[PDB]
Structures are given as structure tokens and as C-alpha cells.
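Peer 1: Once you've had a glance at the structure underneath, I'll fire off some questions.
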RNA sequence: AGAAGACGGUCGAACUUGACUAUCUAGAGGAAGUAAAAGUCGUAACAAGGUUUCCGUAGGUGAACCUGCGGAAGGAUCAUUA
RNA sequence: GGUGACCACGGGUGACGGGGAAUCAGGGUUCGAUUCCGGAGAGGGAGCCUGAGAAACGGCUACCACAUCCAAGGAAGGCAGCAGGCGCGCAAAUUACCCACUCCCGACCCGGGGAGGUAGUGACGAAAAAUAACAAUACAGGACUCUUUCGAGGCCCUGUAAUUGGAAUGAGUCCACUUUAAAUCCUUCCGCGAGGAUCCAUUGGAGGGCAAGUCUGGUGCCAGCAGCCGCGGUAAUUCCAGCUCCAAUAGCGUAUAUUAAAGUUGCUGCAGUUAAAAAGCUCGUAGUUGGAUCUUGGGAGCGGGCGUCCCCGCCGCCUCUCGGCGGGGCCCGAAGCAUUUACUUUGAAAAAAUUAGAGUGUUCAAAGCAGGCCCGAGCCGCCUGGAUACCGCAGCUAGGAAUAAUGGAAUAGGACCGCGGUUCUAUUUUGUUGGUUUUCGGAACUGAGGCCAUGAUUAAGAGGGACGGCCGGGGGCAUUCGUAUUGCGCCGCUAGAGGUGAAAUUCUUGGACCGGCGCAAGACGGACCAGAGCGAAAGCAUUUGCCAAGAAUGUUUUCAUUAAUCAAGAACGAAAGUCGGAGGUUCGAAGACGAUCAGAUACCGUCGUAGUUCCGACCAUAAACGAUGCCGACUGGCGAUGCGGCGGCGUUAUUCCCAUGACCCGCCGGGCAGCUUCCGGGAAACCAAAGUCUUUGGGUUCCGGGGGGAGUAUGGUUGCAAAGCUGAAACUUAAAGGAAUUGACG
Ligand SMILES: [Mg+2]
Ligand SMILES: [Mg+2]
Ligand SMILES: [Mg+2]
Ligand SMILES: [Mg+2]
Ligand SMILES: [Mg+2]
Ligand SMILES: [Mg+2]
Ligand SMILES: [Mg+2]
Ligand SMILES: [Mg+2]
Ligand SMILES: [Mg+2]
Ligand SMILES: [Mg+2]
Ligand SMILES: [Mg+2]
Ligand SMILES: [Mg+2]
Ligand SMILES: [Mg+2]
Ligand SMILES: [Mg+2]
Ligand SMILES: [Mg+2]
Ligand SMILES: [Mg+2]
Ligand SMILES: [Mg+2]
Ligand SMILES: [Mg+2]
Ligand SMILES: [Mg+2]
Ligand SMILES: [Mg+2]
Ligand SMILES: [Mg+2]
Ligand SMILES: [Mg+2]
Ligand SMILES: [Mg+2]
Ligand SMILES: [Mg+2]
Ligand SMILES: [Mg+2]
Ligand SMILES: [Mg+2]
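Written out as C-alpha cells, the structure reads:
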């Protein structure tokens, strides 16, 4: 069933941007969704998303742009110990020149660059690039 | 698909464990059989006594007689055919003469022709065929 | 796609944004709790009350009119049933399957619909044991079941 | 003080007979496989393989085999012309 | 009583445990008997003395197991100390010299140490590194310059030769010295010590993988070659030889264990339409996995780029009931404690060697750890090192609270001198000690009040549960009918008919076959019947009744995380098959004959047993097949149809309309299906899904790792038995196979 609500959503916003779809809604919604999408907003990977408030769960509607090649999700949230952060961002991103492993540490949800500035580890969620 | 979860380190380990008794190359190595079966008791070469000289008929596409030796190994008393490599060297080896027999390179496969002959002769009465068939060291007497 | 059947259907109820009462309604939190009250008294299930109250009567949802949901209104006054209405509907059903199985020992079909039903019972039961509405002891028994309805 | 000694008890190698399990092997004679690869008797299969083929089960048969029943198409018909 | 599939218990090991090793894009994989740490045993056990300290083996006591001398009464035996030998063995050193170094025991500066060092053996292995260089010729060439080219000047070159030529050196040998303990070895050097014919480089190759000759001899499917592919049958690029070349090269070969290679064990990270492969189906305990939802925006400042936009310290809470740095504060000392963790970050602790890696003319390097210097040595001495990082998990400490669980108030409770009643008992206090009773301080208990905006998040395009009107060859149990079929009864007429690539056994004037009318028994439910229906899969169709059960839709019905998949364990499971029983309609293994055929113990015929038919037990398998696990998400079209709903625009009917109902036209959910396409997949065939996969991981179940041997043997278990389930190896084997292509033969 709905186990992981990212994988759910991120499939459907990778899986639109292939078709070139202009915008998409994501059915279940969550806090973690919002908080990881707002990360994608900063590096440009999407445009402004506007969350509907069906009284229950939430829907979102994501303005897409052309720019997202793929976003995916590492499904079990392994615990990343900062020394490993490299070994991951080697084998999970296309280059050292862009690509963003979104993860979730002590000091909020954020990309790997921002966990490195603050010097924290924590749990991998996914990656967009 | 695969089990993929996070407290699944065992279902995984124990999965990748048994699905090696379906590997062939480990069930030689880790089972028992091999050490029990190969006259060469896990041992690179072995010494044995030449009990007679036997020509073997090669596998159809290539007709020829191969010129091997029935050996009996010391350590086991297990018998053997070993193809005496290189031309006219069977001529050297006489009966009841102590030979150091090594493998063929296929470790169990019989090589090419020589149907069902894993072993090749190397030494003969502490000499080495390579020295004899070159004519460097003569036959001892 | 359902617990125990292939049919992967969806047909469900669906409420609006709005929750605030819809102004037809007179009654008030009291006169609804006066009425739930008299229906449960007469002998109806917490579902069945919610029913009578909407078709004939007026309340979209009790929950919105009063503070709490029907069961709590019965339970906090002590008109609530012995076991959950939701469960003895399965038990009553089981005992009905039992009966004709006991006359017709050929019905292979009835011998899921029993096994399934039994299993949808046990399954239910063992949260009602962790949510602690049932005491940690009660158990099905075929024999004692027919009585329990 | 005090040796040799003797009654008792305790750990207990050892020896004798059972039990188990492990491992390893002796064996009259019997039946497979493989080799392998050129003998005889057919010709089962692949072409509509001359009998669409195959599964399971059964029964039969010098041998492939054959025949029932239920299947399968991996067919030799994606159709049969209200 | 304790342990157990979070896999105990049992068995095995080519198992003394760590520290590391070689491998290695990241992750592992195997090895670690190996000098450092930890353990054990001295043929095996047991017991012993003695000892602080031992159950001590360079003690002894037996026994067992071994074995020596003998005067035959007796006696002495323990190398898994060092040397050595034997046996085993594919597989491993000298009866060497010594306390000089490091250390230890002693009563001890003084002896001893096979601990240890030093030699010898020593392609276990690692480092460095000769096996020649150079001038001039003779030439053999080729970039400037010169020449139309041929030629030449020549700064450039390089090939072979003459060695023309001397120069240089080491390998050796050996005066001498150092070394050391005495040597040896090394480092130092006198003296001798290079023209190849020497001071002499070999091992495999020379078709390809794979760098290197269809050079030349010989053999001629032999010998032989060839890890695989292969060559060899009279010119072999393949054998044996010759010459030439290539690779590495002082090393180099084959023996096999093992790692990459292996995206062929796949955590990262394989696969399951057909290639090896998804249980027949379903339930289901462990396990794994599980929606959303709860402090924030914002404030105050310092600092980058009147305000706006990045960048920092702040607004862990509570306590102060607790310390104190006659009444104090001030806040640290204590604890509510981080709900209870999981997580993350910082410490501390992590034996050295190894490792990573600071520093360093070991002549470099493996190494070594020193060295450097100051110094003309008058300095009678200075200066610096012996860096650091990692060190899993668990354990310890401290920050953070991103996510994951987990917790707290609901048949009432937190606090609020809120108040009392009951009891308790501590101790200050009555100039001291006892008694009684108090006040008070702290428990415990408990009457009765005040306040607390006093407590339930929502209902999942999750689930569970109620109700509604349909729906459906879903299941059972009754009941009813239909034909044909054979059987018989009767009657009519008459001689052939059935069967067939043709015929006969067969049935028949004892009148068969045919015709008619009657009964019979059992079968099976024709057309209607469909990419139509239902169930789980086996699955499921004459009428009617009854009996439960179910999907779907409908639903501002209720419950509220209850769920998915699931080892283990259950329910059902064509046919065939088996025990019971009932029945014998046809068909029909087996079985009998006729033909056909070279034969047919086959097909094609004619009989007909078990069984197909029923009721009762078992069995538990299919090509049980969509050769597609189940749940969950997403991505395009377009047509149709089953059900339910909804809406509309029709009308036939049907009535005055209606309600309907029957058609039409839409929409909506979930069903069975179709086509179409450069989504995107896909080896290919193909596939709305086999799509979302090097852009690798939504959850989870099963399961394959070349083919056979083999679904065999053996073991276990179930079964009355067929058999079912679990399920090896030796051996052999190079492809077997799959998808598509041309062929070519049906
Ligand atoms: Mg289920
Ligand atoms: Mg096949
Ligand atoms: Mg052993
Ligand atoms: Mg010994
Ligand atoms: Mg000891
Ligand atoms: Mg002892
Ligand atoms: Mg000794
Ligand atoms: Mg050796
Ligand atoms: Mg020594
Ligand atoms: Mg070396
Ligand atoms: Mg030399
Ligand atoms: Mg080659
Ligand atoms: Mg490997
Ligand atoms: Mg790799
Ligand atoms: Mg594979
Ligand atoms: Mg299936
Ligand atoms: Mg009919
Ligand atoms: Mg099972
Ligand atoms: Mg059956
Ligand atoms: Mg039957
Ligand atoms: Mg019977
Ligand atoms: Mg017949
Ligand atoms: Mg099967
Ligand atoms: Mg697939
Ligand atoms: Mg993958
Ligand atoms: Mg295999």
C-alpha cells in the first residue's frame, strides 16, 4: 500500500517531466514532501508549487519547468555518517558539478551541500539532479 | 523482487547464503566431495608408481593414440591415467619407476582430446621429462 | 484492494470542506443527543442511528452537531453494546454460515466464507485486545459463539 | 616426634560389556548412467514427420511406443462470413 | 523451572582466538597454524607432591598408550628447548660459533642462558642493479643547405661491418685495511684482471585470444600438436627440424588454493513471456513492511552584500523543593531528566608492529630511524626528533532534534497555603532527664469544596464494519422438464445393413435393418452461446422452491490505523487414480476378433472389463497456462461491452399521463475484453502494460545460476498405493538453449 509517500510523489514528478507535462498534482501530500520540494525550488529544479488543503491529507500542484532530469528516492532512509556522504554522492549523482542528495538532519531537511556547511550527517531521503 | 527493507539484514544474508549451494564453483570448494574424490588429495602434484603404459584413443574428430601411463599413487593407493606429454617420451618411462604426476590445467576437466585423463607426468626417477626430451640430463642407472 | 477478495473497488462517502452546521437544522447538540439516545434505547446499532438521523431527520453528521461521535455519546452514558457492533456483525454472520454448513456438509464455498469470516473475526479481535475494549481473554469458540449473539 | 602398615571416603586413568551417533571401508550377485562417439530391429520426433503436437494420470506393448480420460497449444485455425 | 525458529538444541570444520594480508573503481572475498597481543598442550588422561606463585612435564605416580640397558634378580624412557635422524611425505636449514649487543635469574658489576646474536644452508619472498660505451672509418640511410633530377656541403643522423682504434670499468683474483668476538660478509684499496672463437642470458612462444614469419628442411589423421578455439590424411603459416623475430627478460617457466576479472551470488547490484525460472489456488502465526496529522511564522541585534536580500549570538523547558560562587538575595550545587529510545554531531578511550603518512644524500630503495648540526675538534659542545589519521560494532561522554517508533488526562485527573476529617511518625522547643499532651515538619490515608476557554485531529481516491436497489451458467440442498439413447412391449411391412482408402467379425426370412405406437433405465443438458456470464483455482449453464454466501456500484451511514505480503501452519483442488458403498445410458484403457501392413502386439474396423453414472472416504498433481506473484504508486490514444450508478434529447410502446419498462444520446465508478502509436520499454518475438532500470533501491512473498547425470540415489515424511512431498554426489560434458535471417525441404 502507500508505504512511502515520497516515492509515490517523486515518481509522479519525475514521470511527468519526461512527458514534458507543464504541471502535476501529487495525491497524498505530506510535510516531508513540502519540505523536500522547497529544497528543489532553490536550486531551480522546479517552479512554485501551490498546496491544496483538502481537509484530510493534502494535494499539491507543482509548476515544473524543463529542468528536472530525474528525482528519485532511497527507500530505506539509511543513516549517512558524513564520511560516507562522499561515497554516496559519488555513486548516486551524475557529476561532482551539480546534483543534490536531499537528506534530513538534526538541523532540518536540506541538500548535501548545506549539511556539509553545517557539518552534520543524517538520513538520506532521495536525490534530484 | 528483493526484500529491500531496513531490518532485513538477515533475510538478505541468509538469502545470499543458501543461494550459493546452487553455485557450481563453490559446491566443489566448500562441500567435501572434491577433497574426498580427487586422487590428488587437495595437493598440487603427487608421486606414484608406473604400473603399465597405455595408449588412449583420442576423441573422434582427431584420430591418434595418446601414450599415457597407469599410475598408482603412494599416499592413497588410488589409480590414474596420466598422459606423458611431448613426443617420444613414453619411450623414456619404463614400468615400476616412480613419477611425479601433476595436473592438466583444467583442474578436473580432461583436456581437449585424451578422453578422461586429468593428469600429466612431469618427473621420472628424479629427472623431469623436460630435461630428458631436451637431452640435458640422461636417464639414471 | 480489499482484505479478502479480488475486487479492487472504491465506493465511499465523502464530506465537504465545510463542517459548521448547515442552518436548516434546528435541534442543537442537545436535541440530537436526546434523539440518538431514544433510538439506541429502542435497540439500534451506532451505524443504524447515524442512518435514521440523516435520511428522515436532519443531521448530516452527528459529530459536527454535537462535540463527539455517536459511540462516545452512547458510551459516556452507558447505552453502548457489550462488544463492538462492528465485530458481532461478523460473529452473527459466522454463526449463520455455521448453521447451514451443519445441515449441508457439501458446500465447499461456505467453507471459505466461514474460514475467511473466522479470520476477519480474529483479526479484528486482536486489536480490540490492544485497544483494550475487550478483556485479554475472550476468544472465539464455535460453541459459545451462537450464544454471544 | 614418629616409619612400615591397615579400616573407611573422593577425583579417578584404566579395563569389561551394552547404547548412540560420526567417519571410513570389505563384499558373492544385480541395475543405471555416462562414455561414445561407426554393431541389429525398427523409425518415436522435427515439414500436415505420414497419427497437430505436448502434461498428468492410468492401463497396455520387442522400442521408439500405443490407447483411454481430463487437459495443452508451445498449431496445422487470432475469421466462417444471419 | 530455563532455551527455541530474532533459528535453540543437535551435527560438522582442511577452526588454537585476536591484532593483520592479497586482493582490490565504491561494496566485498578468502586467508590469517605467520615474530605482536590473548588462549591451550607437552603421546593420553588422571592424580599428585612441591611451591607466592604450578595441577608445573628439561619432577614424579600409575594406568593406559610408547619405547632403552640386563648378570632375567631387576633397571632406567619422554625434542610440540636447540641442533640431528627416521617416517610421513608435492612440500622445508648446520651435531656450526658465541655471550660482544637485549634482557633474565641468582647471594649477583664477576655465571649461565640453543632465551638471544653471529656465521652456514637457503630463485619462501622484496630492493638496487653489470651482461657494455665512445671516436674515427667503411659504409647503410634520413630532416637544413645545394641540386630540374643525377650529384654534392654538411651543421643532423642512425644500420651493419673493419674492430681501426685506443679509453672506461666492473665479475674475478688478491697485496693491504676495517669489521667482528674471531671471523666472515659488507664498505676501503695497493697488484694483476675485455677485442669475442670472449668474462657466452633463457623460457616460452611465433594462426587467434595475444606482441611474433602462407621463411626453409622432415612426416604425412602417424607421430604428434593444441588451457579453449584447432592443426596433421603429400607445397603444415599447427607436427619434428633450420634460420629470423617477440616478451619479458636475470629471471623465467608449469603443478594447483584464491581474487579481480563475476552486472556469472548481484547490500550496493543479477535474473524469473519464450532463454535455467512465479506455489494450482487461497487462508495465516512469527518476520519484514506500513497514510496523513502537533512551534510557528515571526522578534532583537551584530556582520556580508530610508530600506529589501544573504550571513551570526538570542527569545532545553522546570526547579529555586535543593547549595551558597535575625532576613537575605545572588545563582551554582541536586533533580523533574535527556517520556523512552532509535538517529545524528563533539569528547574520552582506544597496546605497539602492521597500515595510511609527517620528518630524514640508506650513495637511491626496500629500508633505517635517526640524524643534524655546532664545531679547524678549543664545542673540550650545540640542536632537533622518534610526526600525525584510522581503529568496526558494543560500551562511555557531550551537543542537535530533521525523520521512526514510543509514551502520557476519558468509569477522572493535574495544579491551585484551595479546605478540611483519620492515622502516622520525625524531630527542633518548653536552665537538663522522664511522663503526658500539644504546636510544627515530613510520609500515608481520606471527607468536602474553588479554578483548569478543563481531555476525543481527522476521516485515507487505506482499511475495516452498517444499510439500499439491482447483479451475476458463483456454492449447496431439494424440485421440474427436454430430447436423444440403448433396452424392452406391442403392430406394419419386408431382406439385406454397419461398417468402411475397399471389405468382414458382426448383425440377420428364428424377419434383422426400417416404419408406427407404447413403456425402461441411466446420460447429458443441444441451438440459443458470444474475446458473452460468474468463482479461487481448480472453477461454474433445462423449470421452480428453499438455504446460506459474494463482488461492484450507491451512500455530508458508523469504527478509526485497525493494514500488505507473509516462513511456520491450514481450506479447497479436472482428469486420471484408490478403498468403501449405489448404478450399468453411451463411450470405453484393458481385453476378443476383421482387416492394413514386409509387421501392427498400432493406427482403420467389430465386440467390451475397469472406469466414465451416483453416494461415502482418500490422493494432491496439469501445457493446473495469461507459460505474466500479491499489494501499491505514476505515464498516451482511440473505439466496443457486462454491472452498478448518475445526467440528458429521443422516441416504440403504454394508458390520460405516469411508474416503468424496452430502444437513443452522454457522463461517472469499478469488470471482462479490442484495436493504435517511434511514451517508454523490450535479445528478440512482443508488451498500456513486459512502461517508470547504470537516470540502479515503494512494500513485500517465492525462486534460477551452462547441460546431463536427475527430479536419479540415499535419507526423512504422508499415503492403504500410484505415488506425494523434501532431495544430493561421482561422472561426464562443450556447448545445450532462446529470439528473430536467409536458405532448403514438407
Ligand atoms: Mg491477504
Ligand atoms: Mg521449450
Ligand atoms: Mg576430519
Ligand atoms: Mg611426540
Ligand atoms: Mg601446563
Ligand atoms: Mg601433566
Ligand atoms: Mg623436551
Ligand atoms: Mg617450499
Ligand atoms: Mg638462534
Ligand atoms: Mg626478487
Ligand atoms: Mg652474463
Ligand atoms: Mg597465439
Ligand atoms: Mg572470483
Ligand atoms: Mg565489479
Ligand atoms: Mg544471470
Ligand atoms: Mg499463477
Ligand atoms: Mg437447453
Ligand atoms: Mg507452506
Ligand atoms: Mg477427480
Ligand atoms: Mg474417478
Ligand atoms: Mg466403486
Ligand atoms: Mg476401436
Ligand atoms: Mg507442479
Ligand atoms: Mg521481467
Ligand atoms: Mg535493479
Ligand atoms: Mg546447473
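Residue numbers (the authors' numbering), protein chains in the order written: chain SW, 2 to 130; chain SX, 2 to 142; chain SN, 2 to 150.
No residue lacks a Cβ here, since even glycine has one placed at the ideal position from N, Cα and C.
Express the C-alpha separation of residue 75(SX) and residue 82(SX) in angstroms, rounding to a whole number.
Peer 2: Translated into the one-based positions of the second chain, residue 82(SX) becomes position 81. Translated into the one-based positions of the second chain, residue 75(SX) becomes position 74. Residue 82(SX) and residue 75(SX): Cα-Cα distance of roughly 14 Å.
Peer 1: Below 8 Å on the Cβ atoms is my guess for residue 66(SX) versus residue 78(SX); work out the distance and round it to an integer in Å.
Peer 2: One-based indexing of the second chain puts residue 66(SX) at position 65. One-based indexing of the second chain puts residue 78(SX) at position 77. Their Cβ separation, rounded to whole angstroms, is 28 Å, which puts residue 66(SX) and residue 78(SX) out of contact at 8 Å.
Peer 1: So the candidates are 85(SW), 21(SW), 77(SW) and 63(SW); which of them puts its Cα closest to the Cα of residue 3(SX)?
Peer 2: Translated into the one-based positions of the second chain, residue 3(SX) becomes position 2. Taking only the C-alpha atoms, the option nearest residue 3(SX) is 77(SW).
Peer 1: Run through the stretch 86 to 137 of chain SX for me and flag every whole beta strand (DSSP E) of 3 or more residues, listed as ranges in chain order.
Peer 2: Taking only runs of at least 3 residues, the beta strand (DSSP E) segments lying wholly in the stretch 86 to 137 of chain SX are 100 to 103 and 120 to 125.
Peer 1: Three Cβ pairs or more, each shorter than 8 Å: is that satisfied between the stretch 83 to 92 of chain SX and the stretch 108 to 128 of chain SX?
Peer 2: Yes, since at least three Cβ pairs between the stretch 83 to 92 of chain SX and the stretch 108 to 128 of chain SX fall closer than 8 Å, the two stretches touch.
Peer 1: In whole angstroms, give me the CA-to-CA distance for residue 13(SW) and residue 122(SW).
Peer 2: Against the first chain, residue 13(SW) aligns to sequence position 12. Against the first chain, residue 122(SW) aligns to sequence position 121. Distance between the alpha carbons of residue 13(SW) and residue 122(SW) is about 28 Å.
Peer 1: Give every residue of the same chain whose Cβ lies closer than 7 Å to the Cβ of residue 113(SW), excluding the five residues on either side of it in the sequence, and list them in chain order.
Peer 2: By one-based count along the first chain, residue 113(SW) stands at place 112. Closer than 7 Å at Cβ, skipping near neighbours: 86, 90, 101, 102 and 104.
Peer 1: Show which residues of chain SW have a CB atom less than 9 Å away from the CB atom of residue 71(SX).
Peer 2: Along the second chain, read from residue 1 onward, the residue named residue 71(SX) stands at position 70. Near residue 71(SX) there are no residues of chain SW at all, since even the closest Cβ is about 57 Å away, more than 9 Å.
Peer 1: In its own chain, which residues sit with a C-beta less than 8 Å from the C-beta of residue 102(SN), not counting the 5 before and 5 after it?
Peer 2: Stepping through the third chain from its first residue, residue 102(SN) is reached at position 101. 108, 111, 112 and 115.
Peer 1: Specify the secondary structure class of residue 1(SW) as computed by DSSP and reduced to three states.
Peer 2: The first residue shown for chain SW is 2 and the last is 130, placing residue 1(SW) beyond what the model contains.
Peer 1: Using a Cβ cut-off of 8 Å, which residues of the stretch 2 to 29 of chain SX contact any Cβ in chain SW, in chain order?
Peer 2: Per Cβ criterion, the list reads 5, 6 and 7.
Peer 1: Measure the CB-CB distance between residue 7(SW) and residue 74(SW) and report whether it falls below 8 Å.
Peer 2: Residue numbering aside, residue 7(SW) sits at position 6 when the first chain is read from its first letter. Residue numbering aside, residue 74(SW) sits at position 73 when the first chain is read from its first letter. In this structure, residue 74(SW) lies closer than 8 Å to residue 7(SW) by Cβ.
Peer 1: Measuring straight from C-alpha to C-alpha, what distance separates residue 126(SN) and residue 87(SN)?
Peer 2: For the purposes of this step, residue 126(SN) is taken as the residue at position 125 of the third chain. For the purposes of this step, residue 87(SN) is taken as the residue at position 86 of the third chain. Answer to the nearest angstrom: the Cα atoms are 11 Å apart.
Peer 1: Give me, in chain order, the residues of the same chain whose beta-carbon lies closer than 6 Å to that of residue 80(SX); leave out the 5 immediate sequence neighbours on both sides.
Peer 2: The residue given as residue 80(SX) occupies position 79 in the second chain. So the list reads 73, once near-sequence residues are dropped.
Peer 1: State yes or no: is the C-beta of residue 1(SX) within less than 8 Å of the C-beta of residue 126(SX)?
Peer 2: The question about residue 1(SX) has no answer, for chain SX in this structure spans 2 to 142.
Peer 1: Any contact of the stretch 31 to 47 of chain SX with the stretch 9 to 20 of chain SX, i.e. 3+ C-beta pairs under 8 Å?
Peer 2: The stretch 31 to 47 of chain SX vs the stretch 9 to 20 of chain SX: no contact.
Peer 1: Please report the distance separating the alpha-carbon of residue 10(SN) from that of residue 2(SN).
Peer 2: Here residue 10(SN) refers to the residue found at position 9 when the third chain is read from its first residue. Here residue 2(SN) refers to the residue found at position 1 when the third chain is read from its first residue. Near 7 Å, if we compare the C-alpha coordinates of residue 2(SN) and residue 10(SN).
Peer 1: Taking the CB atoms as reference points, tell me whether residue 23(SW) and residue 65(SW) lie closer together than 8 Å.
Peer 2: Taking the first chain and counting its residues from 1, the one referred to as residue 23(SW) is at position 22. Taking the first chain and counting its residues from 1, the one referred to as residue 65(SW) is at position 64. Result yes, Cβ atoms of residue 23(SW) and residue 65(SW) sit closer than 8 Å.
Peer 1: Do the CB positions of residue 95(SN) and residue 122(SN) come within less than 8 Å of each other?
Peer 2: Taking the third chain and counting its residues from 1, one reaches residue 95(SN) at position 94. Taking the third chain and counting its residues from 1, one reaches residue 122(SN) at position 121. Yes, these two residues count as a Cβ contact at 8 Å.
Peer 1: Give me the Cβ distance between residue 129(SN) and residue 85(SN), rounded to the nearest whole Å; I'm assuming they're in contact under 8 Å.
Peer 2: Within the third chain, the letter at position 128 stands for residue 129(SN). Within the third chain, the letter at position 84 stands for residue 85(SN). Confirmed, about 6 Å.
Peer 1: Out of curiosity, what's the CA-to-CA distance linking residue 97(SN) and residue 15(SN)?
Peer 2: Taking the third chain and counting its residues from 1, the one referred to as residue 97(SN) is at position 96. Taking the third chain and counting its residues from 1, the one referred to as residue 15(SN) is at position 14. For residue 97(SN) and residue 15(SN), the distance between alpha carbons rounds to 32 Å.
Peer 1: Just mark residue 145(SN) as buried or exposed, buried being the case when its beta carbon has 16 or more other beta carbons within 10 Å.
Peer 2: For the purposes of this step, residue 145(SN) is identified with residue 144 of the third chain, where counting begins at 1. When all chains shown are included, residue 145(SN) counts as exposed.
Peer 1: Identify every residue that forms a DSSP beta bridge with residue 64(SW).
Peer 2: In the first chain, residue 64(SW) corresponds to position 63, counting from 1. Looking at the DSSP assignment, residue 64(SW) forms a beta bridge with 24(SW).
Peer 1: Pick helix, strand or coil for residue 4(SW), following the three-state DSSP scheme.
Peer 2: Residue 4(SW) sits at position 3 when you count from the first residue of the first chain. The answer is coil: DSSP assigns residue 4(SW) none of H, G, I, E or B.
Peer 1: Please report the straight-line C-alpha distance between residue 113(SX) and residue 54(SX), rounded to a whole angstrom.
Peer 2: Counting from one through the second chain, the residue named residue 113(SX) turns up at place 112. Counting from one through the second chain, the residue named residue 54(SX) turns up at place 53. The straight-line gap from Cα to Cα measures roughly 20 Å.
Peer 1: Does the separation of the CB atoms of residue 33(SW) and residue 50(SW) fall below 8 Å?
Peer 2: The count along the first chain starts at 1 and reaches residue 33(SW) at position 32. The count along the first chain starts at 1 and reaches residue 50(SW) at position 49. Not in contact: residue 33(SW) and residue 50(SW) (Cβ atoms no closer than 8 Å).
Peer 1: What residue from 80(SW), 120(SW), 125(SW) and 110(SW) has the CA that sits closest to residue 43(SW)'s CA?
Peer 2: One-based indexing of the first chain puts residue 43(SW) at position 42. When each option's Cα is compared against that of residue 43(SW), the closest is 110(SW).
Peer 1: Does the beta carbon of residue 77(SW) sit closer than 8 Å to a beta carbon anywhere in chain SX?
Peer 2: Your numbering for residue 77(SW) matches position 76 in the first chain. Cβ-Cβ to chain SX under 8 Å: yes for residue 77(SW).
Peer 1: Count the other CB atoms within 10 Å of the CB of residue 150(SN); is the residue buried (16 or more) or exposed (fewer)?
Peer 2: Taking the third chain and counting its residues from 1, the one referred to as residue 150(SN) is at position 149. Residue 150(SN) should be labelled exposed.
Peer 1: Can you tell me the Cα-Cα spacing of residue 142(SN) and residue 93(SN), whole angstroms?
Peer 2: Translated into positions along the third chain, residue 142(SN) becomes position 141. Translated into positions along the third chain, residue 93(SN) becomes position 92. Roughly 13 Å between the two C-alpha positions.
Peer 1: Note down, in chain order, each residue of its chain lying with its Cβ closer than 6 Å to the Cβ of residue 95(SX), except the 5 sequence neighbours on either side.
Peer 2: Here residue 95(SX) refers to the residue found at position 94 of the second chain. Excluding positions up to five away in sequence, the list is empty.
Peer 1: Between which two residues does the beta strand (DSSP E) carrying residue 19(SW) extend?
Peer 2: Indexing the first chain from 1 puts residue 19(SW) at position 18. Looking at the DSSP string, residue 19(SW) is not in any beta strand (DSSP E), and its letter there is neither H nor E.
Peer 1: Find out if the Cβ-Cβ distance for the pair residue 72(SW), residue 52(SW) is shorter than 8 Å.
Peer 2: For this step, residue 72(SW) is matched to residue 71 along the first chain. For this step, residue 52(SW) is matched to residue 51 along the first chain. No, they are not a contact pair.
Peer 1: Could you round the C-beta distance between residue 69(SX) and residue 118(SX) to whole angstroms and report it? I think they count as a contact, below 8 Å.
Peer 2: Within the second chain, residue 69(SX) is the residue found at index 68, counting from 1. Within the second chain, residue 118(SX) is the residue found at index 117, counting from 1. Between residue 118(SX) and residue 69(SX) the Cβ distance is about 6 Å, and since that is below 8 Å, they are a contact.
Peer 1: Distance, Cα to Cα, residue 3(SW) vs residue 105(SN)?
Peer 2: Residue 3(SW) sits at position 2 when you count from the first residue of the first chain. Residue 105(SN) sits at position 104 when you count from the first residue of the third chain. Between residue 3(SW) and residue 105(SN), the C-alpha separation is close to 42 Å.
Peer 1: Contact defined as beta carbons within less than 8 Å: I believe residue 75(SN) pairs with residue 47(SN). What is the distance between those atoms, to the nearest angstrom?
Peer 2: Here residue 75(SN) corresponds to residue number 74 of the third chain, with the count starting at 1. Here residue 47(SN) corresponds to residue number 46 of the third chain, with the count starting at 1. That belief holds up - the Cβ atoms of residue 75(SN) and residue 47(SN) are roughly 7 Å apart, short of 8 Å.
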